[PDB]
């Protein structure tokens, strides 16, 4: 449905600024589970839900690429 597209891009924007291309999966996981708390409050629970649903594929893609639009597209969050 694309219901998570906008929050996915916001969340990956956070990750981009708090991770390097170098980061381990453990570091990426730690950032993912911190990130929702830094988004504007209206997005918090939606972001938590997004992360829980997509966490495995997010970790696998984020070691390859960190572009918000591209990440969110490839994982299916932005049907586009």
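Positions refer to the first chain, counted from 1.
Which of the two stretches, 58 to 66 or 17 to 25, shows the higher mean Cα temperature factor in the record? Higher mean C-alpha B-factor in the PDB entry: 17 to 25.
Cα B factor band for residue 5 (lowest, middle or highest third within the chain): Middle third of the chain for residue 5's C-alpha B-factor.
Place residue 77 in the lowest, middle or highest third of its chain's C-alpha B-factors, as listed in the PDB entry. CA B-factor rank for residue 77: highest third.
Looking at the C-alpha B-factor of residue 41, is it in the lowest, middle or highest third of its chain? According to the entry, residue 41 has a C-alpha B-factor in the chain's highest third.
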